[PDB]
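Student: Next comes structure-v9.txt, compact mmCIF, C-alpha atoms:
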# COMPACT_ATOMS: atom_id res chain seq x y z
CA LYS F 51 -0.98 74.70 -29.58
CA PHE F 52 -1.54 71.09 -28.66
CA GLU F 53 -0.14 67.61 -28.08
CA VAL F 54 -1.36 64.46 -29.79
CA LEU F 55 -1.99 60.86 -28.74
CA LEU F 56 -1.04 59.04 -31.90
CA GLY F 57 -2.30 55.59 -31.00
CA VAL F 58 -3.27 52.97 -28.48
CA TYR F 59 -2.11 49.39 -28.99
CA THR F 60 -2.55 46.13 -27.06
CA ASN F 61 -1.25 42.65 -27.74
CA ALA F 62 -3.90 39.99 -28.12
CA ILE F 63 -3.23 36.51 -26.76
CA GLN F 64 -4.32 33.47 -28.74
CA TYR F 65 -3.84 29.85 -27.79
CA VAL F 66 -3.72 26.46 -29.49
CA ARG F 67 -4.48 23.84 -26.87
CA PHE F 68 -2.83 20.62 -25.75
CA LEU F 69 -4.85 18.29 -27.96
CA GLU F 70 -3.80 20.52 -30.84
CA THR F 71 -0.08 20.40 -30.13
CA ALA F 72 1.77 17.47 -31.66
CA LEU F 73 3.26 16.50 -28.30
CA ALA F 74 -0.02 14.65 -27.76
CA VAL F 75 0.94 12.06 -30.38
CA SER F 76 2.75 10.42 -27.47
CA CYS F 77 0.02 10.16 -24.83
CA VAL F 78 -3.60 9.02 -24.56
CA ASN F 79 -6.28 10.93 -22.68
CA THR F 80 -8.85 9.35 -20.38
CA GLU F 81 -11.88 10.17 -18.28
CA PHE F 82 -10.37 10.43 -14.74
CA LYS F 83 -13.75 9.21 -13.48
CA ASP F 84 -12.72 5.58 -13.87
CA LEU F 85 -9.54 6.26 -12.00
CA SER F 86 -12.01 5.46 -9.20
CA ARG F 87 -12.72 2.01 -10.60
CA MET F 88 -9.21 0.78 -9.94
CA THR F 89 -8.14 0.62 -6.32
CA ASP F 90 -5.12 2.51 -4.97
CA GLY F 91 -4.02 3.82 -8.35
CA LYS F 92 -2.90 0.44 -9.65
CA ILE F 93 -3.58 -1.65 -12.73
CA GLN F 94 -2.60 -5.31 -13.08
CA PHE F 95 -1.54 -6.99 -16.32
CA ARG F 96 -1.14 -10.71 -17.01
CA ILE F 97 1.30 -10.64 -19.91
CA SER F 98 2.15 -13.85 -21.72
CA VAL F 99 5.15 -14.14 -24.03
CA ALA K 29 -21.31 -8.57 -18.07
CA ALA K 30 -17.72 -7.37 -17.71
CA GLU K 31 -18.76 -4.20 -19.55
CA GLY K 32 -20.82 -1.36 -18.17
CA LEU K 33 -18.04 -0.50 -15.70
CA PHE K 34 -15.70 1.95 -17.44
CA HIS K 35 -16.27 5.06 -19.48
CA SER K 36 -13.36 4.58 -21.90
CA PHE K 37 -10.53 2.53 -20.36
CA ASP K 38 -12.26 -0.69 -21.38
CA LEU K 39 -12.21 0.71 -24.91
CA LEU K 40 -8.50 1.48 -24.49
CA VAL K 41 -7.52 -2.03 -23.39
CA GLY K 42 -8.74 -3.31 -26.73
CA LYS K 43 -11.78 -5.23 -27.93
CA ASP K 44 -10.35 -8.26 -29.69
CA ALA K 45 -10.48 -10.63 -26.67
CA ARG K 46 -7.92 -12.84 -28.40
CA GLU K 47 -5.12 -10.39 -27.57
CA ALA K 48 -6.33 -8.39 -24.57
CA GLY K 49 -9.44 -8.22 -22.40
CA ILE K 50 -10.89 -8.22 -18.89
CA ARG X 26 0.62 -7.84 -3.22
CA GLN X 27 -0.16 -5.93 -0.04
CA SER X 28 -3.96 -5.93 -0.35
CA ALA X 29 -5.85 -8.80 -1.97
CA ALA X 30 -7.72 -6.51 -4.38
CA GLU X 31 -5.27 -3.71 -5.23
CA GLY X 32 -4.81 -4.04 -8.96
CA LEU X 33 -8.26 -5.47 -9.69
CA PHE X 34 -11.56 -3.91 -10.68
CA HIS X 35 -14.79 -4.63 -8.81
CA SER X 36 -17.72 -5.86 -10.90
CA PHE X 37 -20.37 -7.96 -9.11
CA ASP X 38 -21.56 -8.66 -5.59
CA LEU X 39 -22.84 -11.95 -4.18
CA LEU X 40 -25.36 -11.42 -1.39
CA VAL X 41 -26.23 -14.21 1.02
CA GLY X 42 -29.63 -15.78 0.39
CA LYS X 43 -31.40 -12.63 -0.74
CA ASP X 44 -30.31 -9.17 -1.87
CA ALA X 45 -31.35 -7.29 1.27
CA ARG X 46 -29.16 -4.73 3.11
CA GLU X 47 -25.38 -4.79 3.60
CA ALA X 48 -25.30 -6.94 6.77
CA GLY X 49 -24.30 -10.14 5.00
CA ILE X 50 -20.58 -10.71 4.57
Have the structure of the file written as structure tokens, please.
Tutor:
Amino acid sequence: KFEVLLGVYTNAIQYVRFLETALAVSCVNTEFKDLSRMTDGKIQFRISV
Amino acid sequence: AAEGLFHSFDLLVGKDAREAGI
Amino acid sequence: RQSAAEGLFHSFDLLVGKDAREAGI
């Protein structure tokens, strides 16, 4: 006369990263190494109209 | 001469040199 | 502009007379 353990079940997590989501259509990635080429986190632009 | 500095940001600013450049 | 070189990138270096050490301005 016994008792049974009918199953063991675990969810598995998968991911689909940032460059795969379509929210990235809006922004452009960069190195972050050449953030050290600019000084003080600034970038100048001479825009002519 | 103005190249050799960046990894990619110089490629981002554009290459045409009639519209944008360093 | 607070600092003369904030938004600008640094490319070349002119050394006085000869390219020896960092003593020259």
Student: Taking only residues of chain F that have an atom at most 7 Å from an atom of chain K, what is each one's shortest atom pair and its distance in Å to one decimal, using all atoms listed in the file, in chain and number order, as JSON lines?
Tutor:
{"residue": "F:80", "atom": "CA", "partner": "K:36", "partner_atom": "CA", "distance": 6.7}
{"residue": "F:81", "atom": "CA", "partner": "K:36", "partner_atom": "CA", "distance": 6.8}
{"residue": "F:84", "atom": "CA", "partner": "K:34", "partner_atom": "CA", "distance": 5.9}
Student: Please report as JSON lines every residue of chain X lying within 12 Å of chain K, along with the nearest atom pair and their distance in Å (one decimal), using all atoms listed in the file.
Tutor:
{"residue": "X:33", "atom": "CA", "partner": "K:50", "partner_atom": "CA", "distance": 10.0}
{"residue": "X:34", "atom": "CA", "partner": "K:33", "partner_atom": "CA", "distance": 8.9}
{"residue": "X:35", "atom": "CA", "partner": "K:33", "partner_atom": "CA", "distance": 8.7}
{"residue": "X:36", "atom": "CA", "partner": "K:30", "partner_atom": "CA", "distance": 7.0}
{"residue": "X:37", "atom": "CA", "partner": "K:30", "partner_atom": "CA", "distance": 9.0}
Student: For a test of reading the model, state the distance in Å between CA of residue 77 in chain F and CA of residue 64 in chain F, rounded to one decimal.
Tutor: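 Taking CA of residue 77 in chain F and CA of residue 64 in chain F, their separation equals 24.0 Å.
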Student: Which is closest to chain X among F:60, F:70, F:90, F:99, if we use only C-alpha atoms?
Tutor: F:90
Student: Give as a list in words every residue of chain F that touches chain X within 6 Å, counting all atoms listed in the file.
Tutor: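 My answer is residues 88, 89, 92, 93 and 94 of chain F.
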Student: Which distance in Å separates CA of residue 85 in chain F and CA of residue 66 in chain F, to one decimal?
Tutor: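 Distance reported for this atom pair: 27.3 Å.
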Student: In Å, rounded to a single decimal, give me how far CA of residue 95 in chain F is from CA of residue 79 in chain F.
Tutor: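 Interatomic distance, CA of residue 79 in chain F to CA of residue 95 in chain F: 19.6 Å.
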Student: If I only want range 52-98 of chain F, can you write it with C-alpha atoms, as a short mmCIF file (atom, residue, chain, number, x, y, z; two decimals), in the first residue's frame?
Tutor:
data_model
loop_
_atom_site.label_atom_id
_atom_site.label_comp_id
_atom_site.auth_asym_id
_atom_site.auth_seq_id
_atom_site.Cartn_x
_atom_site.Cartn_y
_atom_site.Cartn_z
CA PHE F 52 1.81 3.02 -1.33
CA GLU F 53 1.75 6.66 -2.39
CA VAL F 54 2.91 7.96 -5.75
CA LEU F 55 4.84 11.00 -6.98
CA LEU F 56 3.16 11.60 -10.30
CA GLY F 57 5.53 14.18 -11.71
CA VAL F 58 8.12 16.88 -11.30
CA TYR F 59 7.83 20.06 -13.37
CA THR F 60 9.88 23.26 -13.65
CA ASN F 61 9.37 26.35 -15.76
CA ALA F 62 12.21 27.17 -18.12
CA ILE F 63 13.10 30.80 -18.73
CA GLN F 64 14.01 31.97 -22.22
CA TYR F 65 14.94 35.47 -23.29
CA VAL F 66 14.99 37.55 -26.45
CA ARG F 67 17.45 40.38 -25.91
CA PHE F 68 17.33 44.14 -26.34
CA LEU F 69 18.75 44.23 -29.86
CA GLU F 70 16.05 41.74 -30.76
CA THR F 71 13.15 43.75 -29.37
CA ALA F 72 11.66 46.29 -31.75
CA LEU F 73 12.04 49.08 -29.20
CA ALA F 74 15.59 49.35 -30.52
CA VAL F 75 14.33 50.79 -33.81
CA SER F 76 14.42 54.07 -31.91
CA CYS F 77 17.98 54.15 -30.54
CA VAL F 78 21.53 53.60 -31.79
CA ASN F 79 24.15 51.64 -29.86
CA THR F 80 27.77 52.71 -29.45
CA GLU F 81 31.07 51.57 -28.02
CA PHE F 82 31.19 53.46 -24.65
CA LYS F 83 34.97 53.47 -25.07
CA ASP F 84 34.86 56.68 -27.10
CA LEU F 85 32.71 58.28 -24.48
CA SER F 86 36.25 58.97 -23.21
CA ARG F 87 37.18 60.87 -26.36
CA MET F 88 34.73 63.65 -25.67
CA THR F 89 35.37 65.72 -22.56
CA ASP F 90 32.83 66.07 -19.75
CA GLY F 91 30.10 64.14 -21.53
CA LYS F 92 29.47 66.82 -24.14
CA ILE F 93 29.30 66.95 -27.92
CA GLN F 94 29.25 70.17 -29.93
CA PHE F 95 27.39 70.68 -33.21
CA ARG F 96 27.73 73.56 -35.67
CA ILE F 97 24.36 73.40 -37.42
CA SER F 98 23.70 75.62 -40.41
#
